[PDB]
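Working notes, beginning with the structure itself.
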Amino acid sequence: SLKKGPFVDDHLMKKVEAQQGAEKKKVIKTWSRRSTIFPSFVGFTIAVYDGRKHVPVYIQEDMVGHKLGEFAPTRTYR
Amino acid sequence: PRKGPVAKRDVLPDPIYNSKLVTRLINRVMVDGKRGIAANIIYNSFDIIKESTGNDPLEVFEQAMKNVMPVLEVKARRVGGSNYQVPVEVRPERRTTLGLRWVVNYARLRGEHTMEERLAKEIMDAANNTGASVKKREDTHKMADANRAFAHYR
Amino acid sequence: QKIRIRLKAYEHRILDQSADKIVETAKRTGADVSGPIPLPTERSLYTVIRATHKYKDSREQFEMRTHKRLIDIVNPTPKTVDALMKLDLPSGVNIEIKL
Amino acid sequence: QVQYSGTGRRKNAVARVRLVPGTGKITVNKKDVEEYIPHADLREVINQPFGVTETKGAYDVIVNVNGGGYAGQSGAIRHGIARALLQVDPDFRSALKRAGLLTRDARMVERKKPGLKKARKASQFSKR
Amino acid sequence: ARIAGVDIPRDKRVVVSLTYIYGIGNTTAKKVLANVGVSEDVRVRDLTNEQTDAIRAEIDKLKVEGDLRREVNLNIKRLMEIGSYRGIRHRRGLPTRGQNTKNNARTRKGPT
Amino acid sequence: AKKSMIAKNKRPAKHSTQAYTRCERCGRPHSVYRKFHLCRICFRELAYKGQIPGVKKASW
RNA sequence: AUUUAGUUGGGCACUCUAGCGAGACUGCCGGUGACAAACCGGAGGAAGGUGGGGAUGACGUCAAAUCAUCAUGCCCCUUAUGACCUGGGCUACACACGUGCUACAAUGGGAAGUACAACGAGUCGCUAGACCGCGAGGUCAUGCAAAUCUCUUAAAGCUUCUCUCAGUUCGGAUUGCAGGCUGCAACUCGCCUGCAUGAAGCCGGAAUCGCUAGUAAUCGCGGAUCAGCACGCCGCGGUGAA
Ligand SMILES: [Zn+2]
């Protein structure tokens with residue numbers, strides 16, 4: 001899960017390991033549905049792809065116990 | 001049913017009271033064969049009779065067989081579709097069926113806040129002329145010869 | 001006495017006729033045969049419907065019967081061991097040998 | 001020593017009775033009349049053939065039965081007394097048979113058919 | 001109010017004075033009464049004031065909060081306002097498995 | 001589109017929880033018997049053919 | 001005899017398993033009935049008038065349904081409708097209806113002890129004993145190709161106090177926290193324990209259906225597809241009405 005090892009996808013981690021102490025970018029197109037968050041991820045803005053159309057989101061410090069796909073659903077509900 | 005008649009499966013008496021119809025009173029409240037609760041609190045209720053206005057449970061069971069006893073019965077036997085029946089002579093099989101069904105399904109209707117005081121007051125009523133099951137015998141006496149307006153062309 | 005074999009198959013008659021054959025060959029060269037032990041024949045279950053697209057209730061089931069035999073031999077000889085290591089006929093039935 | 005052997009088969013429970021001349025007891029799983037059994041150990045249920053043979057008796061029972069509830073394997077008790085009196089008294093056997101006492105119930109669990117819920121309980125015919 | 005923390009019924013025994021309250025069920029009350037080691041005797045509460053105020057302080061130990069609803073309100077104030085999809089699904093009354101709302105609306109809204 | 005899913009499962013899997021099996025003469029994904037590696041209805045029919053070892057009809 | 005155990009002295013004694021048999025077939029007798037079938041009653045018998053139950057559905061009746069098992073003529077495409085990947089979803093909720101489960105209560109609960117089977121499954125699959133946990137469980141490590149050993153000593157009863165009549169020791173709905181396990185991972189989209197608010201329900205109106213007996217009504221066990229995932233299914237056993 002997270003405490004018996006954080007479940008963060010490795011090559012997307014390698015995409016975000018390249019810009020650790022660098023400037024906060026605007027867009028990283030990804031898939032973003034499997035990796036959770038542990039708190040060394042603060043500050044970025046990574047394009048969350050729902051499955052049809054990607055919608056980005058920026059990153060604060062409070063994000064500690066979930067994934068990136070918890071904010072762009074698969075609904076289009078109206 | 002349609003072919004012909006059928007047996008009736010008379011019940012065996014108790015090995016404690018030595019009375020057959022007491023077993024017939026046992027086997028109408030007992031749900032899922034739970035003799036442990038229901039039959040034992042029937043024992044407790046007749047011992048409540050024995051402790052207050054009573055001496056032996058068999059004699060007061062016969063006293064309940066007095067004051068609940070269905071003397072008559074009707075059965076809706078239509079001919080042309082209309083409400084047609086007559087006060088028929090009751091079998092002592094079906095007399096016991098009606099009377100003990102009055103007692104048991106009025107113990108259902110009674111519903112007092114102790115699980116055997118409803119049974120205790122139920123058999124204090126059915127053994128001593130009171131309660132609405134004895135008044136169900138009264139109302140059975142009532143419609144006896146009251147549906148007789150359409151029961152004399154027979 | 002340090003010789004025992006098992007006989008496992010579907011039916012009963014081929015098992016116990018072959019069991020009587022090998023009991024014959026065993027107590028021929030020596031003596032002291034044990035019992036041709038019937039085992040209580042473990043049974044299977046299956047449950048298959050009849051139709052393709054609908055109609056779940058139309059069941060049509062199948063099962064399996066597997067008789068088994070155990071054979072012990074008391075007071076052996078080298079000749080019955082030679083009979084049991086160079087003769088496993090019939091071949092339509094399968095056995096489970098020990099010593 | 002003197003002991004008896006009476007077998008009994010009801011509700012999928014064989015019951016070997018090691019009847020010994022005593023006063024009328026039971027050691028069921030080597031336990032007494034209510035060390036194993038609740039209050040449903042009734043008189044005419046268990047002690048029926050004593051009222052027709054060896055009246056009132058009785059003799060002490062050793063038995064080991066499992067299968068059925070408290071009322072099931074108690075039904076295997078009557079077969080033990082039946083086979084015991086079969087061993088003992090040939091002339092009381094006719095009084096046993098005319099009182100029944102030996103007709104084994106051939107009833108087991110009924111075969112439960114597919115297509116339904118149970119052996120006979122059909123589903124709710126929700127027509128409309 | 002009345003004698004021990006909050007939500008105290010009068011002339012009821014000691015498990016009732018921790019059972020009715022907003023914050024403590026029964027097994028925590030069982031362990032707290034097991035720490036002291038007294039009997040109810042039987043349903044009425046007519047005993048010494050030192051024990052009642054002592055177990056009042058023992059309730060004052062624990063989290064019987066008059067603003068526990070404010071604590072859950074700030075929890076859901078974070079929860080519905082990061083984004084969040086479980087912040088929406090919280091007010092939907094639906095867990096982290098999906099609860100198949102085809103007739104499952106009579107909990108909250110009463111769709112009749 | 002049926003012949004892709006016949007040659008699909010003969011690969012080694014991508015990860016451990018995609019090892020689903022089906023029949024071999026046909027391709028039913030539901031109700032395959034892992035002790036048979038046959039589907040539902042072909043067991044019944046080839047059982048009526050008198051070719052499956054063992055299996056008899058059931059009545060008790 | 002020994003025993004914590006039936007260890008091994010003891011053989012299959014009782015039991016049990018499975019092999020061949022005997023067996024319930026109007027088989028015998030009395031009466032009714034033309035002396036005809038048949039019926040009513042016996043004797044023996046465990047089973048009496050085909051013992052209970054299963055397998056086995058004629059001609060056909062209904063353009064019933066199946067090209068989504070497969071074969072399959074006819075019309076269509078073949079740089080796409082054929083094929084390969086990542087995220088989704090078939091699990092969403094403004095409402096109606098069929099089915100299953102739980103209480104709606106003083107026949108219900110809690111503390112205590114005490115019980116009783118059958119069908120099976122089983123060698124990368126079931127866990128002996130012990131340790132540590134409120135707990136999901138984890139840890140050392142044994143057995144088990146099966147009549148040995150693991151699930152696997154089943155539940156309602158039985159005897160005490162209890163909530164002693166209330167949305168309540170009836171009941172548990174949704175929600176925060178501790179977690180536990182499968183998986184590459186449990187927001188979408190697995191299950192479970194425990195701690196904490198204690199929801200609704202305070203016996204159901206037309207119209208319904210199951211069923212003529214170890215059966216209705218009710219309580220437990222196992223198995224399938226399956227790494228995980230049963231109020232469903234398929235069986236098995238326990239109590240047992242009118
Ligand atoms: Zn197939």
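Labels for the structure tokens follow display order: chains A, B, ..., residues from 1 in each chain, ligands from 1.
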>> Which residues are near residue A:38? Cut-off 9 Å, only C-alpha atoms (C1' of nucleotides), ignore same chain within fewer than 6 positions. Put them as a ChimeraX atom specification.
In response: /A:2,6,8,63-66
> Could you list, as an MDAnalysis selection string, all the residues within 9 Å of ligand 1, counting only C-alpha atoms (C1' of nucleotides) and all ligand atoms?
Replying inline: (chainID F and resid 22:28 32 37:43 46) or (chainID G and resid 69:70)
> Near residue C:3, counting only C-alpha atoms (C1' of nucleotides), which residues have an atom at most 12 Å away, once you skip same-chain residues fewer than 2 positions from it, shown as a ChimeraX atom specification?
Replying inline: /C:1,5-6,26,32-34,70-78,80-82,84-85,97-99
Output of the above residues as a compact mmCIF listing (two decimals), in the first residue's frame, restricted to N, CA, C and O atoms:
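Now in out08.txt:
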# COMPACT_ATOMS: atom_id res chain seq x y z
N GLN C 1 3.54 -57.44 6.40
CA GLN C 1 4.94 -57.80 6.53
C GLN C 1 5.75 -57.31 5.34
O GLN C 1 6.07 -58.09 4.45
N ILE C 5 0.38 -53.01 -1.56
CA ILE C 5 0.11 -52.38 -2.85
C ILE C 5 -1.32 -51.85 -2.85
O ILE C 5 -2.17 -52.30 -2.08
N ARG C 6 -1.56 -50.88 -3.72
CA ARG C 6 -2.87 -50.24 -3.84
C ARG C 6 -3.38 -50.38 -5.27
O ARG C 6 -2.60 -50.39 -6.23
N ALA C 26 0.41 -64.07 -5.58
CA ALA C 26 1.12 -63.81 -4.34
C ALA C 26 1.11 -65.03 -3.42
O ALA C 26 2.17 -65.48 -2.97
N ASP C 32 -0.23 -66.81 3.34
CA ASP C 32 -0.54 -65.77 4.32
C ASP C 32 -0.93 -64.45 3.63
O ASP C 32 -0.24 -63.43 3.74
N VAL C 33 -2.04 -64.48 2.92
CA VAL C 33 -2.54 -63.28 2.27
C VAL C 33 -3.44 -62.53 3.24
O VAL C 33 -4.11 -63.13 4.10
N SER C 34 -3.41 -61.20 3.17
CA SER C 34 -4.32 -60.36 3.93
C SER C 34 -5.61 -60.19 3.14
O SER C 34 -5.89 -60.92 2.19
N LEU C 70 -6.89 -51.82 -1.45
CA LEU C 70 -5.61 -51.98 -0.77
C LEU C 70 -5.35 -53.46 -0.59
O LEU C 70 -6.27 -54.22 -0.24
N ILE C 71 -4.12 -53.89 -0.83
CA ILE C 71 -3.73 -55.28 -0.66
C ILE C 71 -2.46 -55.33 0.17
O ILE C 71 -1.44 -54.73 -0.21
N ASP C 72 -2.52 -56.01 1.31
CA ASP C 72 -1.34 -56.34 2.09
C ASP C 72 -1.02 -57.83 1.92
O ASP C 72 -1.88 -58.63 1.53
N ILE C 73 0.23 -58.19 2.18
CA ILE C 73 0.69 -59.57 2.11
C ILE C 73 1.52 -59.85 3.36
O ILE C 73 2.45 -59.09 3.66
N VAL C 74 1.19 -60.92 4.08
CA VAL C 74 1.90 -61.31 5.29
C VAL C 74 2.89 -62.41 4.93
O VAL C 74 2.60 -63.25 4.06
N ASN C 75 4.08 -62.39 5.56
CA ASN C 75 5.18 -63.35 5.42
C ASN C 75 5.59 -63.56 3.97
O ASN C 75 5.31 -64.62 3.39
N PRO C 76 6.25 -62.60 3.35
CA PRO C 76 6.53 -62.73 1.92
C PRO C 76 7.70 -63.66 1.64
O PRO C 76 8.25 -64.31 2.53
N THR C 77 8.07 -63.70 0.37
CA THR C 77 9.17 -64.48 -0.15
C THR C 77 9.75 -63.66 -1.28
O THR C 77 9.11 -62.71 -1.75
N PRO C 78 10.99 -63.94 -1.70
CA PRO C 78 11.52 -63.27 -2.91
C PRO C 78 10.75 -63.57 -4.19
O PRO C 78 10.87 -62.81 -5.15
N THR C 80 7.29 -63.78 -4.59
CA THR C 80 6.13 -62.90 -4.75
C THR C 80 6.56 -61.46 -5.03
O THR C 80 5.83 -60.72 -5.70
N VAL C 81 7.74 -61.06 -4.57
CA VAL C 81 8.28 -59.75 -4.91
C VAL C 81 8.64 -59.70 -6.39
O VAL C 81 8.36 -58.71 -7.08
N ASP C 82 9.22 -60.79 -6.91
CA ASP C 82 9.49 -60.91 -8.34
C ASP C 82 8.21 -60.95 -9.15
O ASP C 82 8.18 -60.47 -10.29
N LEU C 84 5.48 -59.35 -8.27
CA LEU C 84 4.90 -58.02 -8.22
C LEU C 84 5.77 -56.94 -8.86
O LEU C 84 5.29 -55.81 -9.02
N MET C 85 7.01 -57.24 -9.24
CA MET C 85 7.83 -56.24 -9.92
C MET C 85 7.95 -56.46 -11.42
O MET C 85 8.44 -55.57 -12.12
N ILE C 97 2.02 -49.07 -6.01
CA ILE C 97 2.78 -50.11 -5.32
C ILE C 97 3.64 -49.50 -4.23
O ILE C 97 4.11 -48.35 -4.34
N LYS C 98 3.83 -50.26 -3.15
CA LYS C 98 4.81 -49.98 -2.10
C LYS C 98 5.44 -51.31 -1.70
O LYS C 98 5.27 -52.33 -2.39
N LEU C 99 6.16 -51.31 -0.59
CA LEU C 99 6.75 -52.54 -0.04
C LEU C 99 6.67 -52.54 1.49
O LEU C 99 7.69 -52.64 2.18
> Suppose you want the space between atom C1' of residue G:138 and atom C1' of residue G:187; what is it in Å?
Replying inline: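 Those two atoms sit 28.0 Å apart.
Atom CA of residue D:28 is positioned 21.3 Å from atom CA of residue D:86.
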Chain G residues near chain D within 7 Å, closest pair each, using only C-alpha atoms (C1' of nucleotides), as CSV:
residue,atom,partner,partner_atom,distance
G:46,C1',D:104,CA,6.0
G:53,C1',D:111,CA,6.2
G:115,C1',D:36,CA,6.6
G:116,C1',D:69,CA,5.2
G:117,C1',D:67,CA,5.0
G:158,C1',D:38,CA,5.2
G:209,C1',D:125,CA,5.4
G:210,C1',D:122,CA,5.6
G:211,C1',D:121,CA,6.9
G:238,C1',D:69,CA,6.0
Save the residues we just selected, N, CA, C and O atoms (P, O5', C5', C4', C3', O3' and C1' of nucleotides), as a PDB file, in the first residue's frame?
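What follows is the written file result29.pdb:
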ATOM      1  P     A G  46     -39.136 -57.993  10.664  1.00  0.00           P
ATOM      2  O5'   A G  46     -40.054 -56.701  10.533  1.00  0.00           O
ATOM      3  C5'   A G  46     -39.786 -55.533  11.287  1.00  0.00           C
ATOM      4  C4'   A G  46     -39.269 -54.434  10.401  1.00  0.00           C
ATOM      5  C3'   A G  46     -40.136 -54.093   9.205  1.00  0.00           C
ATOM      6  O3'   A G  46     -41.175 -53.195   9.540  1.00  0.00           O
ATOM      7  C1'   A G  46     -37.865 -54.264   8.544  1.00  0.00           C
ATOM      8  P     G G  53     -41.911 -40.563  -3.406  1.00  0.00           P
ATOM      9  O5'   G G  53     -40.417 -40.355  -3.918  1.00  0.00           O
ATOM     10  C5'   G G  53     -39.712 -39.172  -3.591  1.00  0.00           C
ATOM     11  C4'   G G  53     -38.270 -39.224  -4.024  1.00  0.00           C
ATOM     12  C3'   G G  53     -37.994 -39.432  -5.495  1.00  0.00           C
ATOM     13  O3'   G G  53     -38.273 -38.323  -6.320  1.00  0.00           O
ATOM     14  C1'   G G  53     -36.507 -40.741  -4.258  1.00  0.00           C
ATOM     15  P     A G 115     -18.824 -30.425  25.811  1.00  0.00           P
ATOM     16  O5'   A G 115     -19.543 -29.871  24.505  1.00  0.00           O
ATOM     17  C5'   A G 115     -19.858 -30.735  23.426  1.00  0.00           C
ATOM     18  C4'   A G 115     -21.168 -31.444  23.651  1.00  0.00           C
ATOM     19  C3'   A G 115     -21.890 -31.910  22.399  1.00  0.00           C
ATOM     20  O3'   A G 115     -21.416 -33.159  21.932  1.00  0.00           O
ATOM     21  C1'   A G 115     -23.414 -30.829  23.856  1.00  0.00           C
ATOM     22  P     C G 116     -20.293 -33.228  20.788  1.00  0.00           P
ATOM     23  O5'   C G 116     -20.993 -34.017  19.596  1.00  0.00           O
ATOM     24  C5'   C G 116     -21.489 -35.335  19.782  1.00  0.00           C
ATOM     25  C4'   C G 116     -22.853 -35.482  19.166  1.00  0.00           C
ATOM     26  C3'   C G 116     -22.972 -34.982  17.737  1.00  0.00           C
ATOM     27  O3'   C G 116     -22.512 -35.912  16.774  1.00  0.00           O
ATOM     28  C1'   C G 116     -24.759 -34.122  19.035  1.00  0.00           C
ATOM     29  P     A G 117     -21.036 -35.754  16.156  1.00  0.00           P
ATOM     30  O5'   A G 117     -21.206 -36.140  14.616  1.00  0.00           O
ATOM     31  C5'   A G 117     -21.788 -37.377  14.216  1.00  0.00           C
ATOM     32  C4'   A G 117     -22.740 -37.180  13.064  1.00  0.00           C
ATOM     33  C3'   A G 117     -22.177 -37.412  11.667  1.00  0.00           C
ATOM     34  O3'   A G 117     -22.200 -38.771  11.263  1.00  0.00           O
ATOM     35  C1'   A G 117     -23.257 -35.334  11.721  1.00  0.00           C
ATOM     36  P     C G 158     -34.178 -24.505  27.289  1.00  0.00           P
ATOM     37  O5'   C G 158     -33.137 -25.373  28.114  1.00  0.00           O
ATOM     38  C5'   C G 158     -33.414 -26.724  28.447  1.00  0.00           C
ATOM     39  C4'   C G 158     -32.226 -27.333  29.125  1.00  0.00           C
ATOM     40  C3'   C G 158     -31.671 -26.509  30.274  1.00  0.00           C
ATOM     41  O3'   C G 158     -32.379 -26.701  31.485  1.00  0.00           O
ATOM     42  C1'   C G 158     -29.908 -27.129  28.831  1.00  0.00           C
ATOM     43  P     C G 209     -51.630 -16.903  -6.590  1.00  0.00           P
ATOM     44  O5'   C G 209     -50.506 -18.019  -6.527  1.00  0.00           O
ATOM     45  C5'   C G 209     -49.310 -17.855  -7.263  1.00  0.00           C
ATOM     46  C4'   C G 209     -48.110 -17.933  -6.362  1.00  0.00           C
ATOM     47  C3'   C G 209     -47.924 -19.246  -5.626  1.00  0.00           C
ATOM     48  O3'   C G 209     -47.305 -20.230  -6.438  1.00  0.00           O
ATOM     49  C1'   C G 209     -47.577 -17.423  -4.145  1.00  0.00           C
ATOM     50  P     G G 210     -47.483 -21.795  -6.134  1.00  0.00           P
ATOM     51  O5'   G G 210     -46.489 -22.075  -4.925  1.00  0.00           O
ATOM     52  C5'   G G 210     -45.084 -22.093  -5.114  1.00  0.00           C
ATOM     53  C4'   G G 210     -44.399 -22.694  -3.916  1.00  0.00           C
ATOM     54  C3'   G G 210     -45.092 -23.921  -3.348  1.00  0.00           C
ATOM     55  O3'   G G 210     -44.698 -25.114  -3.993  1.00  0.00           O
ATOM     56  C1'   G G 210     -44.723 -22.376  -1.615  1.00  0.00           C
ATOM     57  P     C G 211     -45.812 -26.111  -4.567  1.00  0.00           P
ATOM     58  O5'   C G 211     -46.125 -27.074  -3.337  1.00  0.00           O
ATOM     59  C5'   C G 211     -45.077 -27.718  -2.629  1.00  0.00           C
ATOM     60  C4'   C G 211     -45.468 -27.962  -1.198  1.00  0.00           C
ATOM     61  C3'   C G 211     -46.776 -28.708  -0.998  1.00  0.00           C
ATOM     62  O3'   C G 211     -46.617 -30.109  -1.063  1.00  0.00           O
ATOM     63  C1'   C G 211     -46.732 -26.785   0.380  1.00  0.00           C
ATOM     64  P     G G 238     -29.220 -35.360  10.714  1.00  0.00           P
ATOM     65  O5'   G G 238     -29.340 -33.967  11.473  1.00  0.00           O
ATOM     66  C5'   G G 238     -28.572 -33.718  12.638  1.00  0.00           C
ATOM     67  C4'   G G 238     -29.099 -32.540  13.414  1.00  0.00           C
ATOM     68  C3'   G G 238     -30.597 -32.513  13.676  1.00  0.00           C
ATOM     69  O3'   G G 238     -30.983 -33.304  14.783  1.00  0.00           O
ATOM     70  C1'   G G 238     -29.907 -30.411  12.879  1.00  0.00           C
TER      71        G G 238
END
Looking only at helix (DSSP H, G or I) from DSSP on the backbone, list the matching residues of chain C as a CSV table (one decimal) with C-alpha atoms, in the first residue's frame.
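Below is the file result_33.csv, written as the result:
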chain,number,residue,atom,x,y,z
C,13,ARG,CA,-15.3,-55.7,-11.2
C,14,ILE,CA,-12.0,-55.2,-13.1
C,15,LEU,CA,-10.3,-54.0,-9.9
C,16,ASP,CA,-11.3,-56.9,-7.8
C,17,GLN,CA,-10.8,-59.5,-10.6
C,18,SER,CA,-7.3,-58.2,-11.1
C,19,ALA,CA,-6.9,-58.1,-7.3
C,20,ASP,CA,-7.8,-61.8,-7.2
C,21,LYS,CA,-5.3,-62.5,-10.0
C,22,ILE,CA,-2.4,-60.9,-8.1
C,23,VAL,CA,-3.6,-62.4,-4.8
C,24,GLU,CA,-3.4,-65.8,-6.6
C,25,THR,CA,0.1,-65.1,-7.8
C,26,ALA,CA,1.1,-63.8,-4.3
C,27,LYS,CA,-0.2,-66.7,-2.2
C,28,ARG,CA,0.9,-69.2,-4.9
C,29,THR,CA,4.6,-68.9,-4.2
C,78,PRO,CA,11.5,-63.3,-2.9
C,79,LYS,CA,9.3,-65.0,-5.4
C,80,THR,CA,6.1,-62.9,-4.8
C,81,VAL,CA,8.3,-59.7,-4.9
C,82,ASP,CA,9.5,-60.9,-8.3
C,83,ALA,CA,5.9,-61.5,-9.3
C,84,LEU,CA,4.9,-58.0,-8.2
C,85,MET,CA,7.8,-56.2,-9.9
> What residues in chain A have any atom no more than 12 Å from chain G when counting only C-alpha atoms (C1' of nucleotides), and can you write them as a ChimeraX atom specification?
Replying inline: /A:1-3,5-10,30-36,48-54,65-78
Can I get the selection written as a compact mmCIF listing (two decimals), in the first residue's frame, with N, CA, C and O atoms?
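Output file again23.txt follows:
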# COMPACT_ATOMS: atom_id res chain seq x y z
N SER A 1 0.82 -1.21 0.00
CA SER A 1 0.00 0.00 0.00
C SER A 1 0.86 1.26 0.00
O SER A 1 1.33 1.69 -1.05
N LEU A 2 1.03 1.85 1.17
CA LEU A 2 1.93 2.99 1.34
C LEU A 2 2.92 2.78 2.47
O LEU A 2 4.09 3.14 2.33
N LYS A 3 2.49 2.19 3.59
CA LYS A 3 3.36 2.00 4.74
C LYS A 3 4.18 0.72 4.64
O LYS A 3 5.27 0.64 5.21
N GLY A 5 5.69 -0.07 1.95
CA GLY A 5 6.19 0.34 0.67
C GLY A 5 5.22 1.26 -0.05
O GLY A 5 4.05 0.92 -0.24
N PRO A 6 5.69 2.44 -0.43
CA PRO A 6 4.84 3.35 -1.22
C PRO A 6 4.66 2.82 -2.63
O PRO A 6 5.61 2.35 -3.26
N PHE A 7 3.42 2.87 -3.12
CA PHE A 7 3.12 2.38 -4.46
C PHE A 7 3.10 3.57 -5.41
O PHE A 7 2.05 4.17 -5.68
N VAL A 8 4.28 3.92 -5.92
CA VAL A 8 4.46 5.00 -6.88
C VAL A 8 5.15 4.42 -8.11
O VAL A 8 6.18 3.75 -7.98
N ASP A 9 4.59 4.68 -9.28
CA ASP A 9 5.08 4.08 -10.52
C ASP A 9 6.44 4.65 -10.90
O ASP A 9 6.65 5.87 -10.87
N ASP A 10 7.36 3.76 -11.30
CA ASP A 10 8.79 4.06 -11.25
C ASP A 10 9.23 5.00 -12.37
O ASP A 10 10.04 5.90 -12.15
N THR A 30 0.61 12.46 -18.67
CA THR A 30 0.82 11.13 -18.11
C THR A 30 -0.51 10.39 -18.14
O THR A 30 -1.44 10.78 -18.84
N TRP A 31 -0.59 9.29 -17.39
CA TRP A 31 -1.84 8.56 -17.24
C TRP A 31 -2.47 8.77 -15.87
O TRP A 31 -3.68 9.02 -15.78
N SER A 32 -1.66 8.70 -14.80
CA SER A 32 -1.96 9.15 -13.44
C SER A 32 -3.22 8.51 -12.86
O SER A 32 -4.20 9.18 -12.54
N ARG A 33 -3.19 7.19 -12.71
CA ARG A 33 -4.27 6.47 -12.05
C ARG A 33 -3.82 5.42 -11.05
O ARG A 33 -4.66 4.90 -10.31
N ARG A 34 -2.53 5.07 -11.00
CA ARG A 34 -2.06 4.00 -10.14
C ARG A 34 -1.15 4.46 -9.01
O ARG A 34 -1.17 3.86 -7.93
N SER A 35 -0.36 5.51 -9.20
CA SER A 35 0.62 5.91 -8.20
C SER A 35 -0.03 6.77 -7.12
O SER A 35 -0.76 7.71 -7.42
N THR A 36 0.25 6.44 -5.86
CA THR A 36 -0.18 7.27 -4.74
C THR A 36 0.86 8.37 -4.51
O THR A 36 1.78 8.55 -5.31
N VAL A 48 -3.30 15.40 -15.32
CA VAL A 48 -4.03 14.19 -14.99
C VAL A 48 -4.93 13.83 -16.16
O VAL A 48 -5.80 14.61 -16.55
N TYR A 49 -4.73 12.64 -16.72
CA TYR A 49 -5.54 12.16 -17.83
C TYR A 49 -6.62 11.22 -17.31
O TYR A 49 -6.31 10.21 -16.66
N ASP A 50 -7.88 11.54 -17.60
CA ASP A 50 -9.00 10.77 -17.06
C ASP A 50 -9.19 9.45 -17.81
O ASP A 50 -9.57 8.45 -17.19
N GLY A 51 -8.94 9.44 -19.11
CA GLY A 51 -9.27 8.32 -19.96
C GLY A 51 -9.77 8.80 -21.30
O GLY A 51 -9.58 8.15 -22.33
N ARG A 52 -10.39 9.97 -21.29
CA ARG A 52 -10.82 10.62 -22.52
C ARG A 52 -10.04 11.90 -22.79
O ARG A 52 -9.41 12.02 -23.84
N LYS A 53 -10.07 12.85 -21.85
CA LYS A 53 -9.45 14.17 -22.04
C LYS A 53 -8.73 14.57 -20.76
O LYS A 53 -9.34 14.63 -19.69
N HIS A 54 -7.43 14.86 -20.89
CA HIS A 54 -6.61 15.16 -19.73
C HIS A 54 -6.92 16.54 -19.17
O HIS A 54 -7.13 17.50 -19.92
N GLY A 65 -2.15 11.15 1.10
CA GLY A 65 -2.68 9.80 1.17
C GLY A 65 -3.57 9.34 0.04
O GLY A 65 -4.50 8.56 0.28
N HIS A 66 -3.31 9.77 -1.19
CA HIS A 66 -4.16 9.40 -2.32
C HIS A 66 -3.36 9.54 -3.62
O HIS A 66 -2.14 9.70 -3.61
N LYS A 67 -4.07 9.48 -4.75
CA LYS A 67 -3.50 9.45 -6.09
C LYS A 67 -3.85 10.74 -6.82
O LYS A 67 -4.48 11.65 -6.28
N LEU A 68 -3.45 10.80 -8.09
CA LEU A 68 -3.75 11.95 -8.93
C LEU A 68 -5.11 11.84 -9.62
O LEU A 68 -5.69 12.86 -10.00
N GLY A 69 -5.61 10.63 -9.79
CA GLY A 69 -6.87 10.43 -10.47
C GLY A 69 -8.11 10.64 -9.63
O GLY A 69 -9.21 10.39 -10.11
N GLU A 70 -7.96 11.10 -8.38
CA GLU A 70 -9.09 11.35 -7.49
C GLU A 70 -9.72 12.72 -7.73
O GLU A 70 -10.52 13.21 -6.92
N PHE A 71 -9.36 13.40 -8.81
CA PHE A 71 -9.87 14.75 -9.01
C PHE A 71 -10.39 15.00 -10.41
O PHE A 71 -11.08 15.99 -10.62
N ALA A 72 -10.08 14.13 -11.37
CA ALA A 72 -10.64 14.18 -12.73
C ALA A 72 -11.40 12.88 -12.95
O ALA A 72 -10.81 11.88 -13.40
N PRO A 73 -12.70 12.85 -12.65
CA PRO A 73 -13.45 11.59 -12.76
C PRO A 73 -13.73 11.17 -14.20
O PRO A 73 -13.23 11.77 -15.16
N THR A 74 -14.53 10.12 -14.35
CA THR A 74 -14.89 9.56 -15.65
C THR A 74 -16.39 9.69 -15.89
O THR A 74 -17.03 8.80 -16.44
N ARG A 75 -16.97 10.83 -15.49
CA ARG A 75 -18.42 10.97 -15.35
C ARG A 75 -19.07 11.81 -16.44
O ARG A 75 -20.00 11.33 -17.10
N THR A 76 -18.59 13.05 -16.62
CA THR A 76 -19.21 14.08 -17.46
C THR A 76 -20.67 14.28 -17.06
O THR A 76 -21.57 14.41 -17.90
N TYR A 77 -20.93 14.29 -15.76
CA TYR A 77 -22.29 14.15 -15.24
C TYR A 77 -23.01 15.49 -15.33
O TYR A 77 -22.96 16.31 -14.42
N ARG A 78 -23.68 15.69 -16.46
CA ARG A 78 -24.83 16.58 -16.54
C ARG A 78 -25.67 16.22 -17.76
O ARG A 78 -26.70 15.57 -17.65
> Separation of atom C1' of residue G:228 and atom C1' of residue G:190, in Å?
Replying inline: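 Computed distance, atom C1' of residue G:228 to atom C1' of residue G:190, equals 6.5 Å.
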Would you write out, as CSV, a table of all residues in chain G that have an atom no more than 10 Å from an atom of chain E, listing for each the closest atom pair and the distance in Å to one decimal, considering only C-alpha atoms (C1' of nucleotides) and ordering rows by chain and rising residue number?
residue,atom,partner,partner_atom,distance
G:91,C1',E:100,CA,6.0
G:92,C1',E:101,CA,8.1
G:93,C1',E:101,CA,5.9
G:94,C1',E:111,CA,9.1
G:95,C1',E:111,CA,8.3
G:134,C1',E:27,CA,8.9
G:173,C1',E:107,CA,7.1
G:174,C1',E:93,CA,6.0
G:175,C1',E:93,CA,7.9
G:176,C1',E:72,CA,6.7
G:186,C1',E:97,CA,8.5
G:187,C1',E:96,CA,6.1
G:188,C1',E:98,CA,8.5
G:189,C1',E:97,CA,7.0
G:190,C1',E:97,CA,8.2
G:195,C1',E:28,CA,7.9
G:196,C1',E:23,CA,6.1
G:197,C1',E:22,CA,6.3
G:198,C1',E:25,CA,8.8
G:199,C1',E:107,CA,7.7
G:200,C1',E:107,CA,7.9
